Amino acid sequence: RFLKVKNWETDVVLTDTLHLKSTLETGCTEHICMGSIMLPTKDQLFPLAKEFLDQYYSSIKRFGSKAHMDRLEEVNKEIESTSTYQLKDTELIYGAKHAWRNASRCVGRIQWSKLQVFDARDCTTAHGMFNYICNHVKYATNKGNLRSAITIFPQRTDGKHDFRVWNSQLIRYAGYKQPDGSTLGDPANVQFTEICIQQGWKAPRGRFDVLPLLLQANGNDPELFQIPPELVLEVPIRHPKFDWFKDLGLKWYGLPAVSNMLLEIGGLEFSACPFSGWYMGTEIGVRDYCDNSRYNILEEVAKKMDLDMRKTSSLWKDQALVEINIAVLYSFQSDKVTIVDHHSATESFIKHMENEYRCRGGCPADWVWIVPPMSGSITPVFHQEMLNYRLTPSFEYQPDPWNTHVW
Amino acid sequence: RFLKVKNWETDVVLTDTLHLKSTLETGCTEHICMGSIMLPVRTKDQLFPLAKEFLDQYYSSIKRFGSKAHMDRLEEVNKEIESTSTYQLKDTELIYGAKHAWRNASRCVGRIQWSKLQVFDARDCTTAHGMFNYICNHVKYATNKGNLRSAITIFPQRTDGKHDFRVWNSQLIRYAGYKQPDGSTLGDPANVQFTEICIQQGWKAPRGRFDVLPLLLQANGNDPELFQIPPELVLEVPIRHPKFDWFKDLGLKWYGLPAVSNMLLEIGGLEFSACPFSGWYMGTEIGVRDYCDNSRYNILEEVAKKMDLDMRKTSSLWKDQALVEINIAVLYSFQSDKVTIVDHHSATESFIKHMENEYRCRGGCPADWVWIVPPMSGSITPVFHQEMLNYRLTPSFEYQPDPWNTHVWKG
Ligand code: HEM
Ligand code: HEM
Ligand SMILES: COCCN(C)c1cncc(CCc2cc(C)cc(N)n2)c1
Ligand SMILES: COCCN(C)c1cncc(CCc2cc(C)cc(N)n2)c1
Ligand SMILES: C[C@H](O)[C@H](O)[C@H]1CNc2nc(N)[nH]c(=O)c2N1
Ligand SMILES: C[C@H](O)[C@H](O)[C@H]1CNc2nc(N)[nH]c(=O)c2N1
Ligand SMILES: [Zn+2]
């Protein structure tokens, strides 16, 4: 019932007790592990609220206080009357920071307590959402000196008045299927792009077209907006030794900003809650650039390096991969945009994990997602046993809005 | 029940029904996943159902399920169990069992080869000397002058747990590790504890960086005995690099034959505590883990220096760069010496084809993503993008405690 995790490189053993408070389910059973699967009422609401306020009030050294009892009282009353309840600003900020703290797939959690929370619960229109998102983008970007931020739109009421950001990230590049059968731009975004077009976007059919925002307010029909180009900081990718690399015409955006997830706090559901930090290099250079179903540029780079691509055993793919990733880090650093390499980031996570075990009794972690997509075993996380479990507050996946939207 | 896995690179969806035959437990629950945890004397009572389940599998596989031969064999085993408290496998059942333990090994990326396994029956063995002879023969056969052949040698099964056969080596061939008084390590840091045992047992250590360890062999629960594998049977490969001429002067080599010797083979409820098995290497096993783990030979720094990479900041990716060149060298050296090896691209690609064939023909393929994905360049191999389902099937290979921790010393 008390669980040990071992680091096989250092022999350090930590004991996890935090998992005992987990409430949500993993998909795993006694007979089968689904660790590698990507996606595995008034009565309902009050224990959830209670669970949350209890941890909130415990966190501020005020457990079992009148103020605690008073709040529990008040929320209880409000749920009976209104069927829901409103979070105090303090609780909202706590909840959002803890949702990030609890994100078992996030390697960057050492930063969890330093999150700028933008309260957008007063928002009523897609123009309003556009304004809040531009402000988030400008704040987070901070001229290349990135700051973590989350903007929180109104909570779900009856699921009929959902606020949604239709984009999967605030900043992404469009993708277009050609007659040539090939794919222009980012293949991950073909379907969303067509939705934009079908809603009236005038695509400039390029290879790196910043997608417009498709914003849905109050369960209404989603509207289109273009982020001011001056607020979208982008980085041309060059290599510090290969002069030809710039000729590939590659660029990427500075701000990673997830916008399709759902924030759950004290049973309340925030379906529109865009959040952003800064990139780890491999996200762009390994996944975005080299994934076969993405920009998939390994072959071109390999050719320009004049590698023997006859046999897999020359490791030409691996060689190109390292260089591409060298160029990404080099390009961001050179333009003074915050980025972190996978060595630094995983090293930071090990120390965070130790802090969490030391000060919280554990740290939920998904090894499959925490270990970087290159050079896995030369990073300390590869050798670190991890326990994965779900705590709340949390960020959750939710269905793409277009499959669910009664137009 | 049906379970689907998706490949996020191809959108190929597979459906698993085999997991319904899973008997043993994972360590995971509805509330926690222990997928990254490395490690999470039977009564007649429990033994016959295990025998029966195994024999039903075996007879189905040969399309004789429910036959008189099937029925007679169940009867024969039942009687042998109730009179002798255990039973003996037929040679056919032993071979089937050992192949299926490999087929079922969810952490093994090389399973496309599972049906090609040479099984050496060493169940008539009685002494450590006899074990030494069997193991020498296995090494020679498996090595095959560099044209490696998979093999397994199976020693007598457990009886009362007081007469176990054990190979104390974790692998048949490994290099000594020596802890120095200054705290530095000579040789392979992984093998320091076992090296010290060997020394205590009377081994005269040459004390170099690549000393092949003696075999420490335990027959019938007796105290283990030391033997040196004849050097002529130990095939090694000097490591050099195709473009970098200074790489040879690093003084590296490795052995050709990976042969795991510390696991337990379970077949039909019977326990084979000594069952060394061998295949051939995937390059990263040596070039990534053996050479570049901080807790192993740990050569990234020296290599990176000699390449004159910028080592002042991790962001130069000097470690990643040196790591690739080392792995190129390992592959180059083995290929140049005509010793069987497979790169992580070939091996994972073959595994995906194997896995898909298994889903279609068997209803599933249990697989441990954490172990299947190679320790470098993960997402540029197809297994990274493949969802997998991990579950336990028997026959199986299991971990067992290290014998020095449990052995009752005779003296
Ligand atoms: C500040 C620097 C940050 C770094 C370096 C970082 C790093 C990462 C990385 C590498 C991933 C894996 C993503 C992928 O492979 O697709 C990830 C996932 C994730 N991050 Fe962080 N992150 C940061 C900030 C944040 C913040 C501020 C939040 C929330 C407030 C957050 C929440 C999450 C969540 C929920 C996931 C999982 C998404 C999913 O399940 O697909 N991260 N992070
Ligand atoms: C023929 C070529 C083979 C290749 C290329 C191969 C490859 C691998 C690799 C790379 C691993 C991961 C080991 C590690 O990272 O420490 C592994 C594990 C394993 N292999 Fe294979 N293998 C082969 C043959 C075999 C054979 C013949 C057997 C048994 C008859 C076998 C059974 C296993 C088992 C039980 C494990 C898990 C060991 C553990 O959990 O520590 N393999 N294999
Ligand atoms: C976009 O929502 C789904 C989450 N997934 C799968 C996803 C797909 N591509 C990129 C990201 C971005 C992950 C991410 C998020 C943040 C906040 C920082 C950072 N460095 N990285 C997430
Ligand atoms: C040695 O006991 C197993 C423990 N582990 C994880 C372990 C440690 N070092 C090397 C191996 C070798 C695994 C292995 C086995 C076989 C048969 C072929 C191959 N290519 N690789 C396994
Ligand atoms: C903690 C973690 O489970 C451990 O480091 C595992 C990870 N994956 C692995 N994968 C392989 N093939 N071999 C290993 O030794 C390990 N080690
Ligand atoms: C099938 C597998 O779960 C899938 O490829 C996962 C593996 N690990 C990952 N890890 C991260 N960080 N991001 C990902 O998108 C994935 N994809
Ligand atoms: Zn699991």
# chains A, B, ... in the order shown; residues from 1 in each chain; ligands from 1
$ interface_residues --of "chain A" --to "chain B" --cutoff "7 Å" --atoms "only C-alpha atoms" --output "number ranges by chain"
A: 9, 22, 24-37, 291-293, 312-315, 318-319, 322, 326, 329, 341, 343, 367-368, 373-378, 385-389
$ residues_near_ligand --ligand "ligand 3" --cutoff "10 Å" --atoms "only C-alpha atoms and all ligand atoms" --output "number ranges by chain"
A: 38-39, 100, 105-109, 148-150, 167-170, 172, 188, 254-262, 274-284, 287-288, 339-340, 396-398
$ closest_residue --among "A:63, A:369, A:2, A:130" --to "ligand 6" --atoms "only C-alpha atoms and all ligand atoms"
A:369
$ residues_near_ligand --ligand "ligand 4" --cutoff "6 Å" --atoms "only C-alpha atoms and all ligand atoms" --output "PDB file with C-alpha atoms, in the first residue's frame"
ATOM      1  CA  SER B 170      23.607 -13.099 -14.953  1.00  0.00           C
ATOM      2  CA  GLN B 171      24.863 -13.817 -18.491  1.00  0.00           C
ATOM      3  CA  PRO B 258      24.312 -12.285 -25.479  1.00  0.00           C
ATOM      4  CA  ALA B 259      23.197 -15.176 -23.290  1.00  0.00           C
ATOM      5  CA  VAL B 260      20.863 -14.538 -20.362  1.00  0.00           C
ATOM      6  CA  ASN B 262      19.677 -15.824 -14.448  1.00  0.00           C
ATOM      7  CA  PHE B 277      19.296 -18.731 -23.532  1.00  0.00           C
ATOM      8  CA  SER B 278      21.069 -16.693 -26.241  1.00  0.00           C
ATOM      9  CA  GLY B 279      20.343 -14.880 -29.493  1.00  0.00           C
ATOM     10  CA  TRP B 280      22.300 -12.072 -31.123  1.00  0.00           C
ATOM     11  CA  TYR B 281      22.739  -8.407 -30.200  1.00  0.00           C
ATOM     12  CA  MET B 282      20.809  -5.326 -31.237  1.00  0.00           C
TER      13      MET B 282
END
$ closest_residue --among "B:410, B:312, B:372, B:256" --to "ligand 6" --atoms "only C-alpha atoms and all ligand atoms"
B:372
$ select_by_dssp --residues "segment 55-154 of chain A" --states "strand (DSSP E)" --output "tab-separated table (two decimals) with N, CA, C and O atoms, in the first residue's frame"
chain	number	residue	atom	x	y	z
A	116	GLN	N	1.20	32.27	-14.34
A	116	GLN	CA	0.39	33.48	-14.31
A	116	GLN	C	-1.01	33.06	-14.71
A	116	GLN	O	-1.22	32.50	-15.79
A	117	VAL	N	-1.98	33.31	-13.83
A	117	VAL	CA	-3.35	32.88	-14.08
A	117	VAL	C	-4.18	34.09	-14.51
A	117	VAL	O	-4.30	35.06	-13.76
A	118	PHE	N	-4.73	34.03	-15.72
A	118	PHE	CA	-5.61	35.10	-16.19
A	118	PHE	C	-7.07	34.67	-16.08
A	118	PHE	O	-7.50	33.74	-16.75
A	119	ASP	N	-7.81	35.37	-15.21
A	119	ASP	CA	-9.22	35.07	-14.96
A	119	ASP	C	-10.08	35.69	-16.04
A	119	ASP	O	-10.33	36.91	-16.04
A	149	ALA	N	1.71	30.83	-18.58
A	149	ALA	CA	0.42	31.50	-18.37
A	149	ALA	C	-0.75	30.56	-18.70
A	149	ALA	O	-0.63	29.66	-19.53
A	150	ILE	N	-1.88	30.80	-18.05
A	150	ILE	CA	-3.11	30.12	-18.42
A	150	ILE	C	-4.21	31.17	-18.41
A	150	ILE	O	-4.21	32.05	-17.54
A	151	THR	N	-5.11	31.11	-19.38
A	151	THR	CA	-6.27	32.00	-19.41
A	151	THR	C	-7.51	31.12	-19.25
A	151	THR	O	-7.67	30.14	-19.97
A	152	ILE	N	-8.37	31.47	-18.30
A	152	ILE	CA	-9.49	30.59	-17.95
A	152	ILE	C	-10.84	31.22	-18.26
A	152	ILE	O	-11.23	32.21	-17.65
$ residues_around --residues "segment 213-222 of chain B" --least-positions-apart "2" --cutoff "10 Å" --atoms "only C-alpha atoms" --output "PyMOL selection string"
chain B and resi 125-132+135+155-177+191+194-195+197-199+201+203-205+210-211+224-230+274+403+407-411
$ atom_distance --atom1 "atom CA of residue 285 of chain A" --atom2 "atom 11 (C, counted along the ligand's line) of ligand 2"
27.5 Å
$ closest_residue --among "B:196, B:266, B:11, B:310" --to "ligand 2" --atoms "only C-alpha atoms and all ligand atoms"
B:266
$ atom_distance --atom1 "atom CA of residue 276 of chain B" --atom2 "atom CA of residue 139 of chain B"
10.1 Å
$ select_by_dssp --residues "segment 108-258 of chain B" --states "helix (DSSP H, G or I)" --output "PyMOL selection string"
chain B and resi 111-113+128-146+189-200+231-233+245-250
$ atom_distance --atom1 "atom 31 (C, counted along the ligand's line) of ligand 2" --atom2 "atom CA of residue 118 of chain B"
12.2 Å
$ residues_around --residues "residue 340 of chain B" --least-positions-apart "5" --cutoff "7 Å" --atoms "only C-alpha atoms" --output "PDB file with N, CA and C atoms, in the first residue's frame"
ATOM      1  N   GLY B 146      30.400 -16.877 -35.605  1.00  0.00           N
ATOM      2  CA  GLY B 146      29.922 -15.529 -35.915  1.00  0.00           C
ATOM      3  C   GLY B 146      28.556 -15.490 -36.580  1.00  0.00           C
ATOM      4  N   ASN B 147      28.147 -16.617 -37.158  1.00  0.00           N
ATOM      5  CA  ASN B 147      26.812 -16.754 -37.727  1.00  0.00           C
ATOM      6  C   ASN B 147      25.863 -17.246 -36.642  1.00  0.00           C
ATOM      7  N   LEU B 148      25.481 -16.321 -35.769  1.00  0.00           N
ATOM      8  CA  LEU B 148      24.824 -16.665 -34.513  1.00  0.00           C
ATOM      9  C   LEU B 148      23.490 -17.394 -34.700  1.00  0.00           C
ATOM     10  N   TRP B 280      21.235 -12.956 -30.661  1.00  0.00           N
ATOM     11  CA  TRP B 280      22.300 -12.072 -31.123  1.00  0.00           C
ATOM     12  C   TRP B 280      21.952 -10.641 -30.721  1.00  0.00           C
ATOM     13  N   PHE B 334      31.029  -5.197 -35.853  1.00  0.00           N
ATOM     14  CA  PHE B 334      30.404  -6.515 -35.936  1.00  0.00           C
ATOM     15  C   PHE B 334      30.224  -6.954 -37.398  1.00  0.00           C
TER      16      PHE B 334
END
$ closest_residue --among "B:239, B:185, B:271, B:246" --to "residue 41 of chain B" --atoms "only C-alpha atoms"
B:271
$ closest_residue --among "A:50, A:336, A:71, A:342" --to "ligand 1" --atoms "only C-alpha atoms and all ligand atoms"
A:342
$ closest_residue --among "A:246, A:138, A:351, A:6" --to "residue 304 of chain A" --atoms "only C-alpha atoms"
A:246
$ decode --residues "segment 23-53 of chain B" --atoms "N, CA, C and O atoms" --output "mmCIF file, in the first residue's frame"
data_model
loop_
_atom_site.group_PDB
_atom_site.id
_atom_site.type_symbol
_atom_site.label_atom_id
_atom_site.label_comp_id
_atom_site.auth_asym_id
_atom_site.auth_seq_id
_atom_site.Cartn_x
_atom_site.Cartn_y
_atom_site.Cartn_z
ATOM 1 N N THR B 23 -3.279 -14.898 -17.364
ATOM 2 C CA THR B 23 -3.551 -15.581 -16.105
ATOM 3 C C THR B 23 -2.884 -14.855 -14.940
ATOM 4 O O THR B 23 -3.513 -14.588 -13.912
ATOM 5 N N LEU B 24 -1.606 -14.530 -15.120
ATOM 6 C CA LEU B 24 -0.812 -13.873 -14.088
ATOM 7 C C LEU B 24 -1.114 -12.371 -14.035
ATOM 8 O O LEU B 24 -1.739 -11.832 -14.954
ATOM 9 N N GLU B 25 -0.691 -11.694 -12.966
ATOM 10 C CA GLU B 25 -1.035 -10.274 -12.808
ATOM 11 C C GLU B 25 0.092 -9.295 -13.171
ATOM 12 O O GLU B 25 1.265 -9.659 -13.194
ATOM 13 N N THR B 26 -0.285 -8.048 -13.452
ATOM 14 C CA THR B 26 0.630 -7.050 -14.011
ATOM 15 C C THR B 26 1.348 -6.197 -12.968
ATOM 16 O O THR B 26 2.469 -5.730 -13.197
ATOM 17 N N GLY B 27 0.696 -5.978 -11.833
ATOM 18 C CA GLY B 27 1.203 -5.038 -10.855
ATOM 19 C C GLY B 27 0.381 -3.768 -10.908
ATOM 20 O O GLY B 27 0.292 -3.038 -9.922
ATOM 21 N N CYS B 28 -0.229 -3.506 -12.062
ATOM 22 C CA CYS B 28 -1.101 -2.338 -12.216
ATOM 23 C C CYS B 28 -2.468 -2.575 -11.599
ATOM 24 O O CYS B 28 -2.884 -3.714 -11.396
ATOM 25 N N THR B 29 -3.163 -1.484 -11.293
ATOM 26 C CA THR B 29 -4.562 -1.540 -10.888
ATOM 27 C C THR B 29 -5.346 -0.446 -11.607
ATOM 28 O O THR B 29 -4.783 0.350 -12.364
ATOM 29 N N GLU B 30 -6.642 -0.393 -11.330
ATOM 30 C CA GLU B 30 -7.511 0.638 -11.877
ATOM 31 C C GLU B 30 -7.086 2.022 -11.382
ATOM 32 O O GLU B 30 -7.532 3.043 -11.913
ATOM 33 N N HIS B 31 -6.227 2.051 -10.365
ATOM 34 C CA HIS B 31 -5.850 3.303 -9.702
ATOM 35 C C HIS B 31 -4.382 3.681 -9.875
ATOM 36 O O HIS B 31 -3.980 4.820 -9.608
ATOM 37 N N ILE B 32 -3.577 2.731 -10.320
ATOM 38 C CA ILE B 32 -2.174 3.033 -10.535
ATOM 39 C C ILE B 32 -1.578 2.199 -11.657
ATOM 40 O O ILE B 32 -1.922 1.021 -11.829
ATOM 41 N N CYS B 33 -0.699 2.820 -12.440
ATOM 42 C CA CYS B 33 0.027 2.079 -13.453
ATOM 43 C C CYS B 33 1.471 1.909 -13.012
ATOM 44 O O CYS B 33 2.150 2.887 -12.668
ATOM 45 N N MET B 34 1.940 0.665 -13.007
ATOM 46 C CA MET B 34 3.328 0.387 -12.647
ATOM 47 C C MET B 34 4.118 -0.097 -13.856
ATOM 48 O O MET B 34 5.055 -0.906 -13.733
ATOM 49 N N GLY B 35 3.740 0.425 -15.025
ATOM 50 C CA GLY B 35 4.379 0.057 -16.281
ATOM 51 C C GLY B 35 5.867 0.358 -16.385
ATOM 52 O O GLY B 35 6.564 -0.252 -17.202
ATOM 53 N N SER B 36 6.373 1.281 -15.564
ATOM 54 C CA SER B 36 7.808 1.612 -15.619
ATOM 55 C C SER B 36 8.635 0.987 -14.488
ATOM 56 O O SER B 36 9.837 1.271 -14.362
ATOM 57 N N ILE B 37 7.996 0.153 -13.665
ATOM 58 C CA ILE B 37 8.685 -0.523 -12.566
ATOM 59 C C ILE B 37 9.412 -1.739 -13.126
ATOM 60 O O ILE B 37 8.799 -2.562 -13.815
ATOM 61 N N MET B 38 10.712 -1.854 -12.845
ATOM 62 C CA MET B 38 11.515 -2.935 -13.433
ATOM 63 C C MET B 38 11.099 -4.334 -12.946
ATOM 64 O O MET B 38 10.965 -5.254 -13.745
ATOM 65 N N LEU B 39 10.877 -4.471 -11.641
ATOM 66 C CA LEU B 39 10.473 -5.744 -11.043
ATOM 67 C C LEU B 39 9.270 -5.546 -10.116
ATOM 68 O O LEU B 39 9.440 -5.309 -8.919
ATOM 69 N N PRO B 40 8.046 -5.619 -10.660
ATOM 70 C CA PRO B 40 6.899 -5.528 -9.748
ATOM 71 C C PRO B 40 6.415 -6.907 -9.295
ATOM 72 O O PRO B 40 6.889 -7.411 -8.277
ATOM 73 N N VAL B 41 8.482 -25.824 -5.159
ATOM 74 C CA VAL B 41 7.704 -25.623 -3.937
ATOM 75 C C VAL B 41 6.245 -25.197 -4.243
ATOM 76 O O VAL B 41 5.701 -24.256 -3.657
ATOM 77 N N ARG B 42 5.622 -25.910 -5.182
ATOM 78 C CA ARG B 42 4.188 -25.786 -5.437
ATOM 79 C C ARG B 42 3.478 -27.037 -4.927
ATOM 80 O O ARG B 42 4.068 -28.120 -4.891
ATOM 81 N N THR B 43 2.219 -26.887 -4.526
ATOM 82 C CA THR B 43 1.416 -28.029 -4.091
ATOM 83 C C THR B 43 0.738 -28.690 -5.291
ATOM 84 O O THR B 43 0.447 -28.019 -6.288
ATOM 85 N N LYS B 44 0.507 -30.002 -5.190
ATOM 86 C CA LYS B 44 -0.210 -30.764 -6.216
ATOM 87 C C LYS B 44 -1.536 -30.085 -6.533
ATOM 88 O O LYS B 44 -2.001 -30.086 -7.679
ATOM 89 N N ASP B 45 -2.121 -29.520 -5.482
ATOM 90 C CA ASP B 45 -3.290 -28.653 -5.525
ATOM 91 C C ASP B 45 -3.293 -27.728 -6.738
ATOM 92 O O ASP B 45 -4.147 -27.842 -7.621
ATOM 93 N N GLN B 46 -2.329 -26.814 -6.766
ATOM 94 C CA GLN B 46 -2.224 -25.815 -7.824
ATOM 95 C C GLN B 46 -1.564 -26.342 -9.105
ATOM 96 O O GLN B 46 -1.715 -25.749 -10.174
ATOM 97 N N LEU B 47 -0.855 -27.465 -8.999
ATOM 98 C CA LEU B 47 -0.051 -27.970 -10.116
ATOM 99 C C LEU B 47 -0.845 -28.581 -11.286
ATOM 100 O O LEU B 47 -0.587 -28.254 -12.441
ATOM 101 N N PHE B 48 -1.807 -29.455 -11.012
ATOM 102 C CA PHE B 48 -2.529 -30.083 -12.129
ATOM 103 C C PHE B 48 -3.326 -29.129 -13.051
ATOM 104 O O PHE B 48 -3.345 -29.331 -14.267
ATOM 105 N N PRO B 49 -4.001 -28.108 -12.485
ATOM 106 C CA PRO B 49 -4.631 -27.162 -13.421
ATOM 107 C C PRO B 49 -3.626 -26.436 -14.314
ATOM 108 O O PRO B 49 -3.944 -26.131 -15.464
ATOM 109 N N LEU B 50 -2.440 -26.151 -13.789
ATOM 110 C CA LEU B 50 -1.396 -25.523 -14.587
ATOM 111 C C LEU B 50 -0.910 -26.489 -15.667
ATOM 112 O O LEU B 50 -0.640 -26.078 -16.799
ATOM 113 N N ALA B 51 -0.791 -27.765 -15.312
ATOM 114 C CA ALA B 51 -0.353 -28.767 -16.271
ATOM 115 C C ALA B 51 -1.416 -28.885 -17.362
ATOM 116 O O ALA B 51 -1.109 -28.851 -18.561
ATOM 117 N N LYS B 52 -2.669 -29.002 -16.933
ATOM 118 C CA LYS B 52 -3.791 -29.163 -17.850
ATOM 119 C C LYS B 52 -3.913 -27.994 -18.831
ATOM 120 O O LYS B 52 -4.105 -28.207 -20.026
ATOM 121 N N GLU B 53 -3.802 -26.768 -18.327
ATOM 122 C CA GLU B 53 -3.883 -25.587 -19.186
ATOM 123 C C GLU B 53 -2.772 -25.642 -20.237
ATOM 124 O O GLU B 53 -2.993 -25.367 -21.423
#
